[PDB]
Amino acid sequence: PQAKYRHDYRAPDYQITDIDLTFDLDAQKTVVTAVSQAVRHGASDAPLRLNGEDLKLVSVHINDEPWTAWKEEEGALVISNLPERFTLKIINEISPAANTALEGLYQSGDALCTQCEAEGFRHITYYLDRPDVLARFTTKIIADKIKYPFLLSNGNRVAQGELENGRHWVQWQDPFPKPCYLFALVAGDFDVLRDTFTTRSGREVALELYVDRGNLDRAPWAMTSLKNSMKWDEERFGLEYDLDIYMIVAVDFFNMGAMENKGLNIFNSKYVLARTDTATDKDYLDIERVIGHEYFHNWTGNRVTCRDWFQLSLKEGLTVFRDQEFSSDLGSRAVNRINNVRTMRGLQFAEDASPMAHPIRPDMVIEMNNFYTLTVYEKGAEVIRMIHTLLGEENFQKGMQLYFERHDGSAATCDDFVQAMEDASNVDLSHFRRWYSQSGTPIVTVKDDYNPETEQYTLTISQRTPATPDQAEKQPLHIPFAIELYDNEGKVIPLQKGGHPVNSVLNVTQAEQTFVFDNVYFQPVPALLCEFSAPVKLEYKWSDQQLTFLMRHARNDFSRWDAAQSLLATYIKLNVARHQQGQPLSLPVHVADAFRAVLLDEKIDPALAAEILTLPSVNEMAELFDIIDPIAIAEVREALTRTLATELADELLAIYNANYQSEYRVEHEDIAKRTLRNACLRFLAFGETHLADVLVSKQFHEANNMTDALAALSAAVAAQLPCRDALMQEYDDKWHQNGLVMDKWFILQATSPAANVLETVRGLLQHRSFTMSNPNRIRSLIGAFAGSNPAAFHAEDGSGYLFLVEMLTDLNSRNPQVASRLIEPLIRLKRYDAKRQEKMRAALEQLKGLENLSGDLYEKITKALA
C-alpha cells in the first residue's frame, strides 16, 4: 500500500455539486442508486476517477446513456470521454451484514448506520471521496417498515411514502454543501427523547436523541449537555445552530467516540448513556465533553471543512480546544487543565517519541484512519491554545470571526486558519507555523541568576527538539513561555525592565536567549511554563523547598499541581533505580509533609487537592525515563501509595470522612468533594488490611451511585483486598447484561496487579458479557491489558506480547481500525530493554507476515521495524 503525501495535493479534475441518493435497504443486500451532477474543472482529456471499495457495480449511465467508456481498477472506477457538465448515475450493491470493519454502511445490533469519516463513503458508492468536493445531498431511504420504522439522514424530511409488501420510505434534504465524510444514514427501531432549543436570534431547533428501546432512562443527561453546548457556543463564540433539527443516534457498535455528521450525529453509546447507578462522574463529564465536541464541529469542521485529510487538525485541534474551553468554563478549569496536561505528558509525549511520530499536520500517510491521534487532537489543541495565549481572547475571537467570514461554505487548510488569526490580530505567526510542520516534543532548559547588587533576575532559556524517526532536521519554535515570580512571602513580583512592564508570556524563539528583569527586590521562586503554556518538556533544577513553596503559594491552581508533579518526579526516578537494585522505597520526611499539608489545608479547593493526591499514572511515570522498566514503575507506584497511606493514615481517614455526601448530584462542587474523598480511599485501601477491607467493602455496599461503588471496587482490586473476589462477582451478577457497565469491570480485570492476570484476561474472552464483535468490549478488556497494564503486558516471559499477537491476528481481518489502535503498545519497543525489544520485534515480524495484512497495521509495523 502506497503512501500519500501532503505536497502532492492538487485541486480535483472534476467537482460534484449535487447528489441524489436512493437506498433500497436490506442487511444482506442494499442497492444504492446515486445520481450526481458533475462539472469538469481539469483538462478535457482527463478521466473522472471515482473511489470505491467492495462495491458490486450494476450500471453506469452518463446523461441517461448506458456508458461504455469506463473501467474498474483497484479501489476505483475510471470513467473516460466525458462532457464538461453531466449527470452521472451509478447503481451498486453493498452488504451491511458482512461489514465487520464498521466503515461505510454497517449493522449495529438490529440497526443499520453509517461511519463515513475519513474514507468510508467510498464503501457505499463510487464517489469523489475527498473532502474538498462539497455537494448538496438528497437522500431517499426505502426499507421494511416493521424492522426499520425510523429512516434518518442529514437535514429535513422533504418526502415520505409507503409501498406494497411492508416497505416505506423517507427522503431527506440538507441544504448545506458537504463533503461525503459528513453523510449519514440510520435505520432502526428506537426510543426517542425529544426536546427543543431556541437560539439566541429565535430559531427553534427540534432536538432528537435516538436510543435503543428501553434506554430512555439513560438519555436526559446527554440531552441536557447538548443544550448546554448550544448555549455555550452562543455565549463564548457567538455561534448558533444553522438547521431545524439536531439528531443524535446512540449506537453500541462504533470504532471511535462520536461523529459530527451534519444534523445527524452518530455516537458510541458510551458517550451518550448515563444514569446515576450505571455511570460515574467521569462518564458524565465525558458525555458532556463529547456531546459538546461533536456539536462544536458544526462550525469548526462542517461550515468550514478540510481541503484534504492532512489538514485534519484544522478541525480536530480546534474542536478539542473548544470542547476543553466548554468543559473548563462550565466546570473546574483547573481540573480540566490538569487532566489535559496529564494526557499530553503521559500519552502524547510517548507518541511523539515513537515510530508513529508526526507533526500535527502530517506530511505522509498510508492509512488516514491511523492519524486520528493524540498528536492531531491533543497536541493540535495545545497549538490552538498557544495561539490563544499569544493573542488574548478578544484577538483570538476576532480571528475566529475572520476565519468564518473568509471560509464559511468551503474546505480550508491549517495555513488559512493561521493566516486568519494573524490578519485579525496583527500578531506575526510566521515562525509560529513551524508548530504545524515539526514533529517531536521540544525540551526547554532554564537556568536563572539573581544579582543582589543590581536587583536583576536573569532567565537563560534554551530549546531543542530531538530528531524523530520521521524528521531528521529540527529547528527552534516560537514557544510562548509563561512565568510568574514569587517573593519570600508568596507575592507576585511585578515583571519589568528599564522602567516598563514586561509581558509574563515570554517569546522563546531562539535556540538560546536571556531575559532580564529589573526591580526584582527579592530572590524569586519562579513558576515556569505556567498553565503548561507550550507543549514542551521543562528542565529546571528545582530544589524541593522551591516546589513545596509553590504548592503553598502559587496563585494558579494548576501551578500548585504541577509543582507537586515535579517534586514527585524526582522521587519516582529515585525509587525506580532503587527497585532495579532490589532496594525498598526511600522518601524524605519533608516530601511526605508536603502532601500532609495539602490534605489538611482548608483553603485549598477540594478539586485541586484531589488531583495533587492522585499519583501520576504508570503512563505518565514512563515518560520520565529514557528506557522504561514497566515492572519497576508499577511496583514503585504501589510502594509510594503504601508509604503515603502509612505516613498519612489518620489525616487520610479524617478527610475521607469529612467529605462524605449523603445526596448524589452531578454538580461540580459535589464532584470535587467526591473526587477528594475517593482519592483518600485509594491510599486507605493500601493501608492496614483489616481497616482497608472494611472501609472498601462498606463503601461498595452502601454506595448510592456508580462513582462511589466503582472507586471501592477498583481499590479492592488494586490492593488485592480480601473482599475483592466477592465484590467482583456481585458486580458481574448484577450488571452482566449491561455492556457499558461491564466495560468498567473488564478494565479492572485487565489492570489487576494479581500474578495470574493474563490467565484471567484470557478466560474472560469467553465471558458472557465479552465479544470480539464489539469495539468497546475489545478496548475494555484487551486494550486495557496492553495499554494500561504495561507491567503485565511486558511480563518478562513475553506472554503479553504473544496474547496481543493472537488478538491482532483476529482483528486484522475483522476490524483493522480497532487492530491498529490495539497494536500501539507493541510499536513502542525501542523504549524498552534489549530482551523485551527482541521479543516485541519477533511479535511484530509475526504480524508482518499475516496473510491479508491490513494497510492499517502495515503502516505501523513497518515504522516500528525500521
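All residue numbers are counted from 1 along the displayed sequence.
Looking at 633-641 and 305-313 together, the entry lists the larger mean B-factor for 633-641, computed on C-alpha atoms.
Stretch comparison (67-75 versus 231-239) by mean CA B-factor in the PDB entry places 67-75 on top. Of the candidates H500, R322, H388, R342, the PDB record gives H500 the highest C-alpha temperature factor.
The entry lists C-alpha B-factors for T375, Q565, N261, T760, and the highest of these is at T760. The entry lists a Cα temperature factor for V444 that places it in the middle third of the chain's modelled residues. In this PDB entry, the Cα temperature factor of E851 sits in the top third of its chain's modelled residues, the highest group.
The PDB entry assigns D281 a C-alpha temperature factor belonging to the middle third of its chain's modelled residues.
When all modelled residues of the chain are sorted by CA temperature factor, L50 is found within the lowest third.
Remark: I655 belongs to the highest third of its chain, ranked by C-alpha B-factor as recorded.
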